[PDB]
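Same chain, two forms, each on its own as structure tokens: structure 1, then structure 2.
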Structure 1
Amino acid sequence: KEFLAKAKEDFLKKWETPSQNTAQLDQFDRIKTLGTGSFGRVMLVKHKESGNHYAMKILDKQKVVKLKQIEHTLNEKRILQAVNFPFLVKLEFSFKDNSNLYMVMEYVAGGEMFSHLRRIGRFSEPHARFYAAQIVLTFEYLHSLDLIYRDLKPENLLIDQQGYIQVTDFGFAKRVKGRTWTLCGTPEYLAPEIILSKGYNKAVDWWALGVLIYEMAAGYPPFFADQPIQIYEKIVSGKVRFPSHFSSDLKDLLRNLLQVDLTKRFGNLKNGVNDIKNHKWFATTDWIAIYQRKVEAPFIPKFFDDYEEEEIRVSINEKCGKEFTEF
């Protein structure tokens, strides 16, 4: 109770006056390239003073502009510097220079829920429930700050060194008390009210939780087809069919999450998230023990120079200064 009001205070202070240039490139030893994103390399770095390892995402400002990802990139950074929750990736530092934006993230030698789910095929209900519980608490947290996530899917969930989820992508997340209109997400996870195009609210996250739980437990999502139009028709007008192996409790929870009418959808009623937390399917879930990450995860990921080292070259001339003023 009193912790949500404190969580709200801490978020609002940071949301209204975001932190900027909290570190600089010369404070990090550049070890090697971890991978490539849309806008540049992700590099393993060591903070010289603390000796902590981080994943430094390098975003070429010129490329962010060319791909029209300015607003998404600024939005994601503003949210990440303000939020604090066990299942949200942690932005430790941010800064910018003439060429680049730098998001110095907590280093997670984990796996991706997407590749893990696709390799295993499907999760048992107890294992799906373990992951689902984390998403329920995360949506509870984000919704208490009036954040709509609206991009849930296995692809946006990393599995960390302790086998817990971290939500990794906030480009699409919006701070909004009530209704909003922007079309976004991935076809298979779109809530019917998004497709119906007369506006939607935070209830779209509870729909997407239904899609995620179904996909984890079945190994495939409830609505799919060769073309996005046929998916949209099934979402708005069609019925789900549950595999025979789904428990009665799972089918009941999913009937109330995959509820086409947002006014009857669990998470969106008078009792809010408690209709989900107190559902029979979650009877065995110790919500505090999940939050405190005291539950044994069912899967632990099995975690020198770059093949060709490329140096970072920062221009002596400022690129796209006006666009990224607030970064």
Structure 2
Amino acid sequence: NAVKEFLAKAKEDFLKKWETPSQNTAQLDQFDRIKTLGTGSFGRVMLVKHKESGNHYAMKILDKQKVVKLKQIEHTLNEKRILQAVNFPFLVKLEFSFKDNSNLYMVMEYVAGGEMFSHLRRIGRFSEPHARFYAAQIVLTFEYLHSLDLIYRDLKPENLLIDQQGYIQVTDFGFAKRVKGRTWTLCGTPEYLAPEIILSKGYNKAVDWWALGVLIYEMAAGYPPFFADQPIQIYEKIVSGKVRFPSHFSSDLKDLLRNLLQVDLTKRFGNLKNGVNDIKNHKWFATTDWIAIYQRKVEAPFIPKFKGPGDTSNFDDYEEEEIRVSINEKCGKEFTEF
């Protein structure tokens, strides 16, 4: 009952901050752009420093005209609404939020380690204790996000950020959605799609547990379990239900992946009667102290290079381009809701 009431109290903070969302609470002159952390068609992510507080934050700017053009406002609606209503040690904290002419802004806590993708690719493959450390944080995050009826729908190393102490900070909530029944929106990444999403059928929260099985596989092997020359061959492999494990996979890891990467929805872990405890009690997490992970008392097996503050040594410099501002408010009526 000690954990059953904690999540019940977390659902109260959620629904409270959910029905009446936050409002604009800063000006763009408070933060100067130091360097570009990321970019895309919808917008960009810059490293900005608080001129009134002397600290760094992560400012994600989104071009308002482009968001209307790419048919993504609802995804910006839900992402902004979910990121202010949730609170978890492994989720990113939306420090500030303020709309402006031609742009929308989201000031998040600056994660100094970058994506897990770069570290995994650089290192090659994580060890099972190293991967078990990262998998546990995802399990406790999926357990808390599922209690709030939320589905993440885009789990991949490109959207997992390693903070300063070696822990995981989840960022991209573009396809996040609060839903109690089922959904039918085809979204994600081909290598990480569950077989039901591929067969154009209705899917539920169990697709987040298929992604966990793919994610653990990629961390422990260095490559995803379903890859091919053409995306159609990837969709064929996923629905086929055949997974080949590397030589160095422990028998316990092979068992957990066979339960997670289960094409049969009625036998997949996390979607059974016992719920999330199917995975936390597995013999692979038999060295994991879950409460110590949540309290963040477990020593990290890997620490990102953080010799000094403001160092983007773990990110890519890209090209530095300023933000185009207008005198005419490009804010559509929907952007009032943000």
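FYI, numbering is relative to structure 1, first residue = 1. Under this definition, the rigid core comprises the largest set of C-alpha atoms superposing within 1.5 Å between the forms.
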| property | result |
| --- | --- |
| Rigid core superposition between the two structures: residue from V295, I31, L269, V260 with Cα shift of 2 Å or more | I31 |
| Threshold 2 Å Cα movement between the two structures for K280, core superposed | no |
| Large Cα move at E311 between the two structures, threshold 2 Å, rigid core | yes |
| Core-aligned CA displacement of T22 at least 2 Å between the two structures | yes |
| Distance moved by the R41 C-alpha between the two structures (core-aligned, Å) | 4.6 |
| For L196, CA displacement between the two structures after the core is overlaid, in Å | 1.0 |
